[PDB]
RNA sequence: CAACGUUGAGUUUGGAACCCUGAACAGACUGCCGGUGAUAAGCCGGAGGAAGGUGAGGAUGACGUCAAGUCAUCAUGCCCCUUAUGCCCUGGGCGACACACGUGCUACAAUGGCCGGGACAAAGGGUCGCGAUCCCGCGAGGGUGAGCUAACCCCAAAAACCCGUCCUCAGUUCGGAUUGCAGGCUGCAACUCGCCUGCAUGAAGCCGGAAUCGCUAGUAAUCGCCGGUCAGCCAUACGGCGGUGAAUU
Ligand SMILES: [Mg+2]
Ligand SMILES: [Mg+2]
Ligand SMILES: [Mg+2]
Ligand SMILES: [Mg+2]
Ligand SMILES: [Mg+2]
Ligand SMILES: [Mg+2]
Ligand SMILES: [Mg+2]
Ligand SMILES: [Mg+2]
Ligand SMILES: [Mg+2]
Ligand SMILES: [Mg+2]
Ligand SMILES: [Mg+2]
Ligand SMILES: [Mg+2]
Ligand SMILES: [Mg+2]
Ligand SMILES: [Mg+2]
Ligand SMILES: [Mg+2]
Ligand SMILES: [Mg+2]
Ligand SMILES: [Mg+2]
Ligand SMILES: [Mg+2]
Ligand SMILES: [Mg+2]
Ligand SMILES: [Mg+2]
Ligand SMILES: [Mg+2]
Ligand SMILES: [Mg+2]
Ligand SMILES: [Mg+2]
Ligand SMILES: [Mg+2]
Ligand SMILES: [Mg+2]
Ligand SMILES: [Mg+2]
Ligand SMILES: [Mg+2]
Ligand SMILES: [Mg+2]
Ligand SMILES: [Mg+2]
Ligand SMILES: [Mg+2]
Ligand SMILES: [Mg+2]
Ligand SMILES: [Mg+2]
């Protein structure tokens, strides 16, 4: 089923299928599934009613576009602020209190 | 290599403790501190009051036994001619100060001086002797051999004496030692009295270690 | 639910300076103290450990601490 | 249900009974009451295959001292165990059984000594030695 | 170490003794009492006592030497002195232990 | 320093001392000869400098150079020298290294017929 | 091992089948010392091998190990400054060891899903002589015989 | 996975019991995974 | 009356126990024995050397032994005979009544 | 140990018979037998025995070496500073960052990962403390505070393991970095620089070149628990405790 938020969960159990949307981790998935809609099946075995329910529920939590521009405007704001964390976002060095003498490698690769 | 202080090696086998008390784990630190304060006092007093009257004062050891009521100090001492003969006998004159130091609340103090029969069968006394002679710029050979003599006529089965430092004020330090008779250091059954002492010379420090083997 | 933090001397300084309605340079050693909306438009010079650096406060600054705005470490290059 | 079978089969506590043995190995201790008739294995008010998980090994450890004899259907075993994990409890059960067996009849000795079920296993855990990772494990070491 | 460090420590102890119950009182006061803008002023009370009056500011040092590191609490002593004194049998109950 | 030695790690550590440009170049030269010919075996060159005496401490003015070589196969080539000038010390160490190296190469790489 | 040799250790018997062999293989299959898991894996391997064929699996063991057991291998010797491959002959215990090992090795490298499936796949392929664990042994023989000239103890 | 603070494993290693690794049976875990309906 | 003795060295505590048990056996009050409690044993480890070497350690313990003594019926003579008693300076006595 | 009944139990009974505690004592000495060996020490075997040839681990480190390490634990000769090279304070700094070298944790998955329900430890620490029960929170935590100066009460959930249900080969239900948002706690103060929670994010990484390290049995491997330092911690460290348990000479 493609329709859920422009993206494609494919041929799997419903939760771990729903997770492929940017904006849904482990919690929102099994919450939406096992609380509101109530049904657990494969993806393509989803009847029209359950599917509508799903789309309508996932439409009230933020998604790829919205979240990406959300964190983007958070980071942007902090960069404009000229605070410390922002200096680090601009320079490309870890801001969470990690030491720079050795392993930045994940964040230094850029 | 390093050996272990033959004191520490036999503990609860052939050698007793010195501080004989007991305390609950919180009070333990406090009590230890108190023992230290009175050992300090009692050493200082005797040092100052005997070395003014010009004599060799053996303080062989200090045993402290704490009881809920009275805390008792037993001084093993080689020559209390210096402490007893003075008019304010060491008993009272120290009792007042040592009881000033710890506390008098729930605790009163008792001083008891013990005469150790053979002063040269004890390392500590002997090392204070060598300390005196070497403080007198007597060569260390003479001092060593005199100690050996006094001791082996004082009834000892074996002895090892070590002296380390700048010897005779010579610029490069060294280690000189003599073993006499039989001294097992590894045998736990053997009664071993060890003592460490430090001397201050014109040329700096000098260490003395003495081992005394009294038999099994 | 728990208080934010601001140093006493600083809070009464900005109190007096907000009451007498002038913009004056405030030299401060609290790198801790939060920027409370009642201080905006002020210029606070914070200790970086040798020099006091002047910073101008904005709407955006509120909710943060002070010492975010005073770089401590001098680094340019290898 | 099994609690009532153990309670009604044994009125006198775990101490009184004529034929008893105690196994111990590692941190596990097991006290073993032997009885006559049928056969059942009750370990801590639960079944053998229940408690010992049916790891063929452990079951086999427990049932081995009775297989050198053939008394599997002639005896009924009730044991209580604590300490350690289940393997050791199994072993301890094995040993305690061997001891109770030498308590009943002393003619069982020659089979039980040829199989080697009478020996307390002395192997226990070795302490951690300072400067070493666990016991005999040394830290990763650079010659340079 | 330096004498002056042991002195700093002593003066901290004394000040903590002075302001002890004041601290407990203003503490239970800001803990139990609501109204955030009230807690401004009671945290204005908290910040008045000297910085050397805070129990987190105290530092335990060995009582014989004064070494700031390596202090095993029960004995109030640093490891080395603790060790020599275990060998001169000044520690009641202390034995070289092999288990 | 050398390209043919690019596979080698040259590690230059002042212990109590400050390293200059001339000390650098000189180290590269004198260790350079030593290693260059035997390069195929060599792996890592560790050179520590220790100065003492004169105004720093008691005793003569001593500068002491320690070097250490490893080969792909054999490890632990240790060379310790004491002398007047850093330069002199380095010359000495290189003199030693050369000898130990070509001793190794001699032993192993000779197709030495060792029957036993 | 310079001074003392090795005393013999009690050869156990696997609980279900009373075998020395099956117990050998459940010990060599072991990892992180969970016997709980190893016994399960091996018994489900016996279950899939009795599923695929109707022959007694107790025999398919002896066919599998008789099949992959090397009677000879080589060894590196230093003789006269010359480095030789010398075809040293193999003991019985060492033969069973090698056997179980190449079996297990080629069993861990299989494309399949379970370990019981892989082990059964490879016992089925070694009992027919049809697979990597027999091929490996035969290569050891090929390189033993090309080097046959260098055994002077022949 | 032991380095995951979102897992019972990773909590138990990090020594913080949390939403994933509960103190008692009465503290709410994460939203239930219980429903599945295989029939046949 | 139950007394809990706690002391470091063994001979002192079992001799002290012998005194209490015989002084309450003489005055004719019944005794439930010198019941041994589990020895509580504290380990500490410290660096042997003053600098550097981390693998030189020194393990020392403190062993505290606990005896329990239950006297059943408290005669006037029994209470006075056990309140008078002389117990060596290294044992600690706790009296629960 | 059994009972009465309860999950709070009692101190409510008997037993001292099992276990455990900790004190005394016995036991292992090639002591016995056989075979070997100049008779000798011993060496191969056998019996009994819980244990057999230092039964297993630990403390133990000779004369000395390296003018090894440490004048920053402590002590000290000599030299030097003495309105400063000493002392009080608030901020920084020891936590920087192109890289290089070393010790460690987590990994790359089905001998596996997730979920649910069941079972078994040891040793520790704990009155400025450990904190059950109950109540509010998805949650860290918050309110309440029994019991316990500890074989009594608490930390306390042992985890691997097992019975089931999902994924059965994917850069995935693998792995979890990085980073945002919202919070909790300690503490006068958490920006530089604490720890922990919830939602979101989802990097590298398909067992690793030359080389190299650890290990001979309760060992390796693998699973967690506790301690000390300690207001809070950077602990994956260090010191311990137990669970499961190999291959090889
Ligand atoms: Mg020596
Ligand atoms: Mg272990
Ligand atoms: Mg142990
Ligand atoms: Mg280390
Ligand atoms: Mg560890
Ligand atoms: Mg000083
Ligand atoms: Mg602190
Ligand atoms: Mg030989
Ligand atoms: Mg995961
Ligand atoms: Mg953590
Ligand atoms: Mg939590
Ligand atoms: Mg709740
Ligand atoms: Mg009773
Ligand atoms: Mg025999
Ligand atoms: Mg031994
Ligand atoms: Mg010895
Ligand atoms: Mg030296
Ligand atoms: Mg040096
Ligand atoms: Mg000085
Ligand atoms: Mg200075
Ligand atoms: Mg400061
Ligand atoms: Mg540092
Ligand atoms: Mg920094
Ligand atoms: Mg589970
Ligand atoms: Mg603690
Ligand atoms: Mg609470
Ligand atoms: Mg990639
Ligand atoms: Mg893959
Ligand atoms: Mg090696
Ligand atoms: Mg060995
Ligand atoms: Mg802590
Ligand atoms: Mg780490």
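Residue numbers (the UniProt record's numbering), protein chains in the order written: chain A, 48 to 157; chain B, 2 to 217; chain C, 6 to 83; chain D, 65 to 208; chain E, 2 to 100; chain F, 68 to 183; chain G, 2 to 155; chain H, 55 to 94; chain I, 99 to 195. Backbone N, C-alpha and C define an ideal beta-carbon position, used for all residues, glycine too.
Counting along the chain, the unbroken alpha helix (DSSP H) around residue 59/G starts and ends at 58-69. Only 84, 85, 86, 87, 88 from the stretch 69-88 of chain H bring a Cβ to less than 8 Å from some Cβ of chain A. When the five nearest sequence neighbours on each side are left out, the beta carbons in the same chain lying within less than 7 Å of the beta carbon of residue 18/C are those of 31, in order along the chain. For residue 89/D, DSSP records a beta bridge to 92/D.
Following the DSSP letters along the chain, one finds residue 76/E in no alpha helix (DSSP H), marked with neither H nor E.
Relative to ligand 9, residue 55/H has its C-beta within less than 6 Å of a heavy atom. Residue 190/D and residue 82/G have their C-alpha atoms spaced approximately 46 Å apart. At a Cβ-Cβ threshold of 7 Å, residue 160/B and residue 181/B count as neighbours.
Contacts with chain D at 7 Å (Cβ-Cβ) do not include residue 161/I. Residue 36/G reaches chain D at 119, 121, counting residues in chain order whose Cβ is nearer than 8 Å. In the structure shown, the three-state DSSP call for residue 52/A is helix. Residue 178/F counts as exposed, since fewer than 16 other C-beta atoms from the protein chains shown sit within 10 angstroms of its C-beta. When Cβ-Cβ separations below 7 Å define contact, residue 40/G makes contact with chain D.
One thing to note: residue 78/E has its Cβ within 7 Å of the Cβ of residue 63/E. Per DSSP, residue 63/A is one residue of the alpha helix (DSSP H) stretching across 61-65. Contact note: residue 141/I reaches chain E through 98, using a C-beta cutoff of 7 Å and chain order.
Under the Cβ criterion of 7 Å, residue 56/C is not counted among the residues facing chain A.
Apart from the 5 residues on each side of it in sequence, residue 122/G sits with its Cβ closer than 7 Å to the Cβ of 111, 113 in its chain, given in chain order.
Counting only the Cα atoms, residue 50/G lies some 41 Å from residue 66/A.
Residue 124/D has a beta carbon lying within less than 7 Å of a beta carbon in chain G.
If you look at residue 110/F, you'll find it in the beta strand (DSSP E) that goes 109-119. Of the other Cβ atoms in all chains shown, 16 or more fall within 10 Å of the Cβ of residue 40/G; this residue is therefore buried.
With fewer than 16 other Cβ atoms inside 10 Å of its own Cβ, residue 83/C counts as exposed. Taking a Cβ-Cβ cut-off of 9 Å, the neighbours of residue 145/I in chain E comprise 71, 80, 81, 84, given in sequence order. Secondary structure of residue 50/C (DSSP, three-state): strand. Here the stretch 72-85 of chain F lies against the stretch 108-117 of chain F, with 3 or more beta-carbon pairs under 8 Å apart. Comparing C-alpha distances from residue 136/I to each of 102/I, 163/I, 110/I, 179/I shows the shortest one belongs to 163/I. Runs of the beta strand (DSSP E) spanning 3 or more residues and lying entirely within the stretch 19-52 of chain E do not occur at all. If only uninterrupted alpha helix (DSSP H) runs of at least 4 residues are considered, those enclosed by the stretch 136-185 of chain D are 150-168, 173-179. When C-beta distances to chain D are compared with 8 Å, every residue of the stretch 95-127 of chain G stays at or above that value.
Taking a C-beta distance under 7 Å as the contact criterion, residue 136/A and residue 148/A do not qualify as a contact pair. Nearest CB-CB separation between residue 187/I and chain B: below the 7 Å threshold.
Here residue 100/D is not near residue 132/D, since their CB atoms are 7 Å or more apart. Interface annotation, residue 96/A: not in contact with chain H, CB-CB separation never under 7 Å. Here the alpha carbon of residue 38/C sits roughly 37 Å from the alpha carbon of residue 71/A. The DSSP assignment places 109-116 as complete runs of the beta strand (DSSP E) inside the stretch 84-150 of chain B, in order along the chain (cut-off: 3 residues).
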